[PDB]
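A.B. asks: Quick one: experimental structure and sequence below.
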Amino acid sequence: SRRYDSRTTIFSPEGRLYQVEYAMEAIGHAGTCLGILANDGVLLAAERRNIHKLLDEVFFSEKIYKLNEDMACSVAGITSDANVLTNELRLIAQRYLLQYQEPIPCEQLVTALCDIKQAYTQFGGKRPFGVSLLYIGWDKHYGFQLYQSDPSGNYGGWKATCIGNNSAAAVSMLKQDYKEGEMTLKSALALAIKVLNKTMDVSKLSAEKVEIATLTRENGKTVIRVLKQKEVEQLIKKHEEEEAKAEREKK
Amino acid sequence: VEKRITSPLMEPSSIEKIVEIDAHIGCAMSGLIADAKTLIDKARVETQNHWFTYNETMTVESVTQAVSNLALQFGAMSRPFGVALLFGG
Amino acid sequence: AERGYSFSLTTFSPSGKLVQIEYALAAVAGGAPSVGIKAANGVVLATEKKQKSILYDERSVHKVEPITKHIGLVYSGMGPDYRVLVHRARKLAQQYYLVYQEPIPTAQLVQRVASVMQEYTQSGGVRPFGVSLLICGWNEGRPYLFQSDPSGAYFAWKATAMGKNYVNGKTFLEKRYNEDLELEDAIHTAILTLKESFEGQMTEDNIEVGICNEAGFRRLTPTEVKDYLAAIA
Amino acid sequence: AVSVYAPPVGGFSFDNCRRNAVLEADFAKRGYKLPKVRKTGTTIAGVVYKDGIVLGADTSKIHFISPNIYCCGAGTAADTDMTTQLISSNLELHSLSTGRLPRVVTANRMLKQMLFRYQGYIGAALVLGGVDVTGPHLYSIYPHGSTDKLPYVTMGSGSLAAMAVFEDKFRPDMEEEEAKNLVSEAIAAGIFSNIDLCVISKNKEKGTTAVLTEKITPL
Amino acid sequence: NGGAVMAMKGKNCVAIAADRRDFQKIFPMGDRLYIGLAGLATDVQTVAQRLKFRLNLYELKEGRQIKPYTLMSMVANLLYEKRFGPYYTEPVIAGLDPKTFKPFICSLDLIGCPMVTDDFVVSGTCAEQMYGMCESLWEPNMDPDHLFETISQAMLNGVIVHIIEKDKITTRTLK
Amino acid sequence: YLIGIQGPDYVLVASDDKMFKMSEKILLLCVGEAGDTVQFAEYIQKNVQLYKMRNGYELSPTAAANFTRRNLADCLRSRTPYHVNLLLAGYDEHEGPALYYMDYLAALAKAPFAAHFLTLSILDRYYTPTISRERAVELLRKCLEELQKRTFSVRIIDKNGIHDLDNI
Amino acid sequence: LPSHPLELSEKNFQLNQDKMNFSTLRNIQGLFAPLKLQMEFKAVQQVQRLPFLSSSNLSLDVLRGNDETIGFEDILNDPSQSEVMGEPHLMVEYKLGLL
Amino acid sequence: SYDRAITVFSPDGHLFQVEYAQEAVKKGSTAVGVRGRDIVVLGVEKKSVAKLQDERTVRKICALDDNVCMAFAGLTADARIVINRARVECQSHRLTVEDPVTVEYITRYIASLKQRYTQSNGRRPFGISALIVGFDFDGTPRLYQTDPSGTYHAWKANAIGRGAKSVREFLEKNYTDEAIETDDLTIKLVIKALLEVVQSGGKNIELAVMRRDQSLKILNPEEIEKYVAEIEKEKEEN
Amino acid sequence: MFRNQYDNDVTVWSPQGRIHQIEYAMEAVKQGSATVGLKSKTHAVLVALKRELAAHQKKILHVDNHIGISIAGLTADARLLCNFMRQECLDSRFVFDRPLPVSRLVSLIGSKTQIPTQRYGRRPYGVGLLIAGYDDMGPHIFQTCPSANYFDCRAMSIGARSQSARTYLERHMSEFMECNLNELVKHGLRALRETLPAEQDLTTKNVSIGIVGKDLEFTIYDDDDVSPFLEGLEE
């Protein structure tokens, strides 16, 4: 409150660091990004928010990134910082793989990047990154996983999560329509698209507003892929038809 | 020293204010005990190197002078040391 | 007001805004108009150079400069920061070429320069480079166009505008630009965009055009841009 | 993760050197069979004449430094390619800053300084020849960083015969076809093979095969 | 410090064959791209591991696959990093181009020195005579089976022949 | 004399003790310079304990072998007089038993059977993946007899865990 | 002793370069020029990324005059892609001089 | 006031930044430590279980050496950093002395790290206080505490974080010796302390058990539910 | 009034072209205790007036064999300056095998104390040093104002109530030159007593004397050792 926010290294009478809280507010200003754990795999239903009519598509994905053979993540925050943070993720994963010749367990990479972010928070003269990354992946230990770190480095485990815009509503509605141990990747995508429909009120899902990823295990290989425009269009159409049928049933 | 035990569950052994820096040297702490840790550690190190090299006993004045030389460094510490010692040897 | 946050670069505003980067982008927006159009045969980097005085020598600082044989760029904002970043871009391109014996992809060079700018946008003691880079190039038989910002964030574009009346420039590009649009008339489109965002009379020495096609980047001579202007009007 | 404090740096790593030397001492007396270095032991030649420079490399050993600067290579191969590539990139950056073609003196200075910094531990015995604003120059780089700007220079396997040919058959300010025939004669003496005359003109038994482990991986 | 391996070219198919008795020399540096490290076992393993580290970083950042020429350049840079105190390795790089699927074969130095041919390249302690034998045996144009026999006989004059055919690669340890 | 015999669900080492365990299911057998060998064993044991208790799970025998190869290469690289040969017997929950031959130059190699030549020749003469514990003990005894003609205390790393077997 | 004659030659190449530059300037220009250059280098180095990330050091090279020059240290081993990395807080403490 | 710099003092003689780090510690959830005979327990408040959350990923109780662990209250990331550094230090000490660390030793190291980070304005003090417990080695159960100020104190029963006063007063009333006569008694004591702290039990208790020759054993929710049901039966009896 | 902006930092000039931090350090030395220094043809004498139960402070210090000092300001900066002086003298006698000249040492201290005034993140040494010594060219009594600039003095005094001592020394500035060691010391004691209130008279436990002479090397005199001089000292 106009005090103890000049630096990141200064506390308040209540024992609060306002700079990281403002970084989280900046996250809140970002675009909606979902992550839902499922039995078959795990998905990342992000909001493309690339709706200019003179914008190119020369990249793999805007929201969705790939860290290693076993991991992928989404981004909701400051793009410039998120780029270096994802580069650091890739580098850390490759360091661990080079040293041990085994893919980095998801929690270890998440914790390493959280250490990076909280180190930038710890020391004076450095701005907290202000990026929330939505990690997914598979490992021998805990199978499929869903993690979510914040600018301050606080990371938690999740079955379904959201970061960015309308995150609180998205999470509440996910836990309202989520089953633990029952959701398959199919129903996971259905729930993700439903949440995106009911959260992104700026416009209806046109299949370019939406960027959904998928991470499954075929032949003991982590298959990280992104739903084709056809796939997301089918998801949107299925959700809209089911909603219309429910409205008809309500009468 | 009047060691202050905050609660009955506290161990008085851990809150000791009087310490040993050498067999022939002793001091009592009062104030920021955390910085007193560094101060008395420096004094212990100095007397230990003295015993190692000259195989004698550091004068109380000499060990307190060394730990003062540690304490002179502020503005190492970035603020004046917030603890006082009574080097009784 | 939120002035404490306005002054400091390493602080987040209560709403979560980096005001210093916003002011760097305002400096970018207060720069000279620059229009880049990604055509089918190649790309165009046209801008409104500020050397309109007869004294200003032509063989001097160029708004459009090459980094490699197949990459060039134009800027809007601070000339000095632009030139320093151009030097860094050339250094990075040579590093990549010596490591891989391969032409640096435009995307990779944009990434490297954007990270360099993010480096100064992150830490306290310096300022964000008050300049945005409209980097173009050509790889694997494909035209490229990118836009870097002082924040260090960069985006791919089909047709974008910078400087003054840059929102109007982008609206004009959206009005005119076509996906099939070929080169040698995308230059005409860029000329018309800069005319829509011009101040004065359009002269071959009031603009600086650089195109990059399969052959590579090439800053157009006054004669060529004069011919294009004559064809336009 | 632990036991790493200083930040990373770049440059040559000389860590392998000590163990490498001890192991060579071990292999020298028992085991042998250590990989060696492929080297440019072939002859190179170069002359300066009226309207440019001409270089010869029987092998090619000629290396593009700039559009108007070229450089032959003798000594060690990897060393000479890396050196020429680095100086070529440096001169490319210099030209980009200038908007002018780089000068041969700049190339000679860069090569000399870098090779002296490396104290001739990388074998780059080069014949730097090109044309610039000043005019055609023919330097002679050495691994230890010594240069001679002579009318003609040679180095390599049969470089002495090439030098004799140059000395006997050279006249001041030769012409295009005369210069490139003198270098060819000198480089031909080194051979005694096709030569890459680089004219930088100023104006311009059925064994038993029994498969054991057959596997496929459709792609 | 033993170990030898060679490569041969064909028609949309390229072969790389090493010997066995006791370490890996054929590391897949790509889906249709392999490496031919030959020399001291520990050095081979270290070079392969760090090369794969660099390759994975490059693939993640670029979004494309390393091409054989780019892989050769990367290997040369890696070996030249330790120019003083050289790695006891002579990588032989064979494989198809991920985009155009064109055969490529090359051999490198202990410090890195690109050497590209289109018939065959050999590395190892007895590489010179093996290459002479290949010359005595080599022919211009091969099919995947004919290419396999040629490299196999040359190595023998077991052999793990990895014929990299764009349709599919085949591996066979002969004798 | 550090003879190892990998089996279907165990790895019977036979030290001459040299059996310095790193963590549960991991057993490293170090031979060479007396001072360097034990120091390296202690260092790797501390590192694997740190990994175990920081991540909540231990390094697998393969991961431990790779990390040890890296560290041994570095140690030889930092100081030449570090002649240290290793033999990492271990059991993986998923992979299963894992024996790892590694020379002083840190050239890791998974071994169906290993020794640190006479002992290896007997193993070469007779070995089978489908072997029993008593069969491996007999193999070790034969290898020791051949080496004597030219101790052998044995442990196994079984799915149950490390076990102490009758000294040979 | 070192692992190679060039080991220390290139471990401290930059140190010697600056040392000789300042020696020459002191001998010719005077005390002021080395002082000024040291001040500029110190000021530019005070502001950069934390040691566990890869700093660009752009403006430092611009002052030094090697922002448009390439060397073997630029290409051979890349600090941006490191193979072993320490803890963040640990290396920041090391840089501050606490350890 | 003088609360905008860790370096500056106040005419009272206070460094308000460190006291604010302590306030942040107080913000954290409750952690309860009891030092019994052949047993040490770290009860933690698990009130905010939430939904679609993994209790495995986020825990307060973490091990530092084979014979010592800790539980904290405050900034989770700061505690994570301190825990990792403490593990590194413990393994280094075992490397160089060949014997397991003492609880006092790692408490000393953690307090020294907090003292290091409270030295200067540039570094803010770690905003977590650790209840470090375990066995020295010869078999002496230990309980300790740390604070951002950077000093440590051994304890017999201590509670930190949220509602620390009420829980530590409950321990003052009920610690005694008859409540540490058995490990089950210590578990019941910490569970009752957290019942005085947090409303619910079992599902709101993240309890850990560490016996004389046993490693950190984080009790499962069913076991803690059984223990709190035993407490409820005892209450019904009286 | 308007000097608050420019009186907190030592590297900022005020609109009146003044650095008030240096003046505040010169006030700090003034707030310290009064000490006296004076020399004869053959001797350089320092007399210091010390601060109840518990021992007093060591205003007089033996910094070197033939150099001695008296402190009249902050104790910490005084200790650092004494350490630096002792190190300089030790290095001179070790390498050059020369008793370090007192004037040279004073110039070194002047530069040392000048450093912080022009540097940020530092404060001027808030201590005044009366440096006695003897070598080559007879005795040397000096004064290092906490502002780097220093002065050479036949007699001097610095501290709180030191103006009376200065006036008395001026009254007999010329007499000290033609005085025996004893008489010089008594003159110093009278100068000190000028600083004491009229009621108080010099005792043995509130006086330390530092004396370096032609044959004599610097020595600090305690209560018992200063009693001789106090015995005979005219009221």
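C.D. replies: Perfect, I can see it now. Residues are numbered from 1 along each chain as shown, chains lettered A, B, ... in the order given.

A.B. asks: Enumerate the residues of chain I near chain E.
C.D. replies: Not one residue of chain I sits near chain E, judged by Cβ under 8 Å from any Cβ of the partner chain. No exception for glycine: its C-beta is placed from N, CA and C like everyone else's.

A.B. asks: Just the strands from chain I, written as ranges.
C.D. replies: Secondary structure of chain I (DSSP state E): strands at I:35-39, I:43-49, I:60-61, I:67-71, I:129-134, I:139-144, I:150-152, I:155-158, I:207-213, I:219-221.

A.B. asks: Which one, of those strands, ends up nearest to residue C:231?
C.D. replies: Among the strands of chain I, strand I:150-152 comes nearest to residue C:231, with 82.4 Å by Cβ to Cβ.

A.B. asks: Give me the buried positions along that closest one.
C.D. replies: Using 16 or more other Cβ atoms under 10 Å in any protein chain shown as the test for burial, strand I:150-152 gives residue I:150.

A.B. asks: again with stretch D:141-158
C.D. replies: By neighbour count on 16+ other Cβ under 10 Å, the buried set for stretch D:141-158 is D:141-143, D:145, D:147, D:151-158.

A.B. asks: thinking again about what came up before, adding distance to residue I:228, write the strands of chain I out as CSV.
C.D. replies: Putting the strands of chain I into CSV (distance: least, Cβ to Cβ, whole Å) gives the following:
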stretch, distance to residue I:228
strand I:35-39, 18
strand I:43-49, 13
strand I:60-61, 16
strand I:67-71, 19
strand I:129-134, 19
strand I:139-144, 21
strand I:150-152, 29
strand I:155-158, 22
strand I:207-213, 10
strand I:219-221, 9
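
A.B. asks: Is residue E:130 in a helix, a strand, or coil?
C.D. replies: With DSSP: H, G, I helix; E, B strand; the rest coil as the basis, residue E:130 sits in helix.

A.B. asks: Could you measure from it over to residue E:137?
C.D. replies: Relative to residue E:137, residue E:130 is positioned 10 Å away (Cβ to Cβ, to the nearest Å).

A.B. asks: Residue I:182 now?
C.D. replies: Distance, residue I:182 to residue E:137, by Cβ to Cβ: 115 Å.

A.B. asks: now swap in residue E:143 and tell me
C.D. replies: Noted for residue E:143: a distance of 16 Å to residue E:137, by Cβ to Cβ.

A.B. asks: Spit out the contact partners of the residue of chain C found nearest chain I.
C.D. replies: Among all residues of chain C, residue C:125 sits closest to chain I, at 15.5 Å; criterion: Cβ to the nearest Cβ. Neighbouring residues of residue C:125 by Cβ atoms under 8 Å, 6 or more residues apart in numbering or on different chains: A:125, G:46-47.

A.B. asks: Switch those residues over to JSON lines; also include distance to chain B, secondary structure and neighbour count.
C.D. replies: Output for the contacts of residue C:125, formatted as JSON lines (distance: Cβ to the nearest Cβ, whole Å; DSSP: H, G, I helix; E, B strand; the rest coil; neighbours: other Cβ atoms under 10 Å in any protein chain shown):
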{"residue": "A:125", "distance to chain B": "15", "secondary structure": "coil", "neighbour count": "16"}
{"residue": "G:46", "distance to chain B": "17", "secondary structure": "helix", "neighbour count": "11"}
{"residue": "G:47", "distance to chain B": "20", "secondary structure": "coil", "neighbour count": "16"}
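
A.B. asks: Show me which of these is closest to chain H.
C.D. replies: Among those, residue A:125 lies closest to chain H (Cβ to the nearest Cβ), at 7.2 Å.

A.B. asks: beta partners of the closest residue to that closest one other than its chain neighbours?
C.D. replies: Spatial nearest neighbour of residue A:125, excluding adjacent residues (Cβ to Cβ, 6 or more residues apart in numbering or on different chains): residue C:124 at 4.7 Å. Beta-bridge pairing of residue C:124 under DSSP bridges involves residue C:126.

A.B. asks: Pull up the gap between residue C:124 and residue C:8, please.
C.D. replies: Distance from residue C:124 to residue C:8, counting by Cβ to Cβ: 7 Å.

A.B. asks: do the same with residue E:76
C.D. replies: Taking Cβ to Cβ as the measure, residue E:76 falls 47 Å from residue C:8.

A.B. asks: For residue I:205, what are phi and psi?
C.D. replies: phi -90, psi 0 (degrees, to the nearest 10).

A.B. asks: Name the residues contacting each of residue E:130 and residue E:137.
C.D. replies: With Cβ under 8 Å, 6+ apart as the test, residue E:130 and residue E:137 both reach E:154, E:157.

A.B. asks: Among those two, which residue is more densely surrounded?
C.D. replies: More neighbours surround residue E:130 than the other of residue E:130 and residue E:137, with 21 against 16 (other Cβ atoms under 10 Å in any protein chain shown).

A.B. asks: Hmm, that one is touching residue E:155, no?
C.D. replies: Yes: contact criterion Cβ atoms under 8 Å: residue E:130 and residue E:155 qualify, at 7.1 Å.

A.B. asks: For chain G, which segments are assigned as helices?
C.D. replies: Counting by DSSP state H, one finds helices in chain G at the ranges G:5-11, G:13-28, G:32-46, G:58-64, G:72-75, G:88-96.

A.B. asks: what about those helices, which gets the closest to residue B:78?
C.D. replies: Closest of those to residue B:78 is helix G:88-96, at 11.4 Å (criterion: Cβ to Cβ).

A.B. asks: Does that closest one reach chain H?
C.D. replies: Yes: using Cβ under 8 Å from any Cβ, helix G:88-96 reaches chain H at G:89-90, G:93, G:96.
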